[PDB]
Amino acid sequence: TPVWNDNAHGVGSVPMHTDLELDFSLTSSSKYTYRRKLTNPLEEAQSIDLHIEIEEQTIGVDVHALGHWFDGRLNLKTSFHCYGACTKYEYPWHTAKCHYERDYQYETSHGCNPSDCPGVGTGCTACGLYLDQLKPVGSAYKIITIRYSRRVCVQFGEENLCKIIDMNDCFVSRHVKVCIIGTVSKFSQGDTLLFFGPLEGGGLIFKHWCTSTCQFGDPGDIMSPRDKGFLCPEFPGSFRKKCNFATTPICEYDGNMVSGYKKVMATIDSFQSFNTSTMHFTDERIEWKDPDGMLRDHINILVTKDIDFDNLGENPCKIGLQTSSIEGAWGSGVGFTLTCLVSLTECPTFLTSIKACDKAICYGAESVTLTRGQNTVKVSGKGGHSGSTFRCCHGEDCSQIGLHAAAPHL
């Protein structure tokens, strides 16, 4: 007959036995303070101090750091040899990391050879694109997860408790409930964030940063994912070997010659800027306060000063947790799966959530009806970094160790 459930964060109240409600829309980038002495209905001399502090909305974005985007120049060169294969010779652009070579091998001809070359069906002409004058222009991050929150601190008498409350969650105590309800549509999973400078100031949102196909001229075309090594873009155009009697062959390329950075700068007003305050970069995560004062969320504060609220998640069930295994990747939009061994006592069943967390950041959660004794629970998550040890958690309680996920993009 009993069916305990702690997935409800909130309270049951009797509207005539509630003493105070605050209900308001609050600028997302503003704090709010409420201070009041709660006094007995002219029917005593014992007041209770109420002090509520709500901090500015923070955004937390789990990301994959994509490294730096580069500007550069596309150069074209020609190399000719009357005799020999194309592997027999070293070309100038061979040291250039990003290059495109077209080999006109065993194709020497009368009206396309230089004067000293009586060759026919021999040798090699080389047309050769390369990127040079490379310069990093910004740091890019792929959005994996977006979560907004406010830190909420409530003092009621001598009770004092602070919690970080996620948007669309509630702070619950015996005498005070604080619920935050909101929506924001500025950032989307999959968006790529570009920071041009030491941009504790702002950046740009790109909705079409190249991923599976990068061609020269695309946003994100020339990337260096770490300190060294480029992920080079494609050059989809064609070469032409321009021929002439007694003259060295000359290469042409008929594709786009303008870098992605220049093309984007040329129409920069087409792209959306965002601003930031009190940034905090950590590995594969960015947190900040968005100072956009046009955005608001809804706050509701309910206070009962005598009889306790009915905490809707109250239960006698007790949970023990340890990790069993993990699969999948950090820094990945596909994510990972953490397998937990979860022991339930003091209840026949318990409907709750088991979370994958590390250092008080949670990356995934699974709702589950546990049965008395041992349970195996798989938790899907996204985010984290190579040093993350994902732990199995219930409420504020976590396993003693966590597990590392695998790296993405291997």
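Numbering starts at 1 and follows the sequence shown. Between two forms, the rigid core is the largest collection of C-alphas that superpose within 1.5 Å.
After superposing on the rigid core, the larger RMS C-alpha deviation in 5 other deposited structures of this protein belongs to 91-99, the other candidate being whichever of 335-343 and 91-99 remains. Per the compared records, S109 is unresolved in at least a third of the other entries whose models span it. Modelled in this chain, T247 is nonetheless absent from a third or more of the other compared entries whose models extend past it on both sides. The deposited model assigns a higher average Cα B-factor to 179-187 than to the other stretch when 179-187 and 134-142 are compared. The PDB entry reports B-factors from which the mean C-alpha value can be compared for 399-407 and 2-10; the larger average falls on 2-10. The residue among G220, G293, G157, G313 whose C-alpha carries the highest B-factor in the deposited model is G157. Highest C-alpha temperature factor among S47, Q57, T369, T376, as the PDB entry reports it: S47. When all modelled residues of the chain are sorted by CA temperature factor, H17 is found within the highest third. Sort the modelled residues of the chain by CA B factor and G320 lands in the middle third. Compared with the other modelled residues of the chain, the Cα B-factor recorded for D62 ranks in the lowest third.
Compared with the other modelled residues of the chain, the Cα B-factor recorded for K31 ranks in the middle third. Per the deposited record, the Cα B-factor of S380 falls in the lowest third when ranked against the other modelled residues of its chain.
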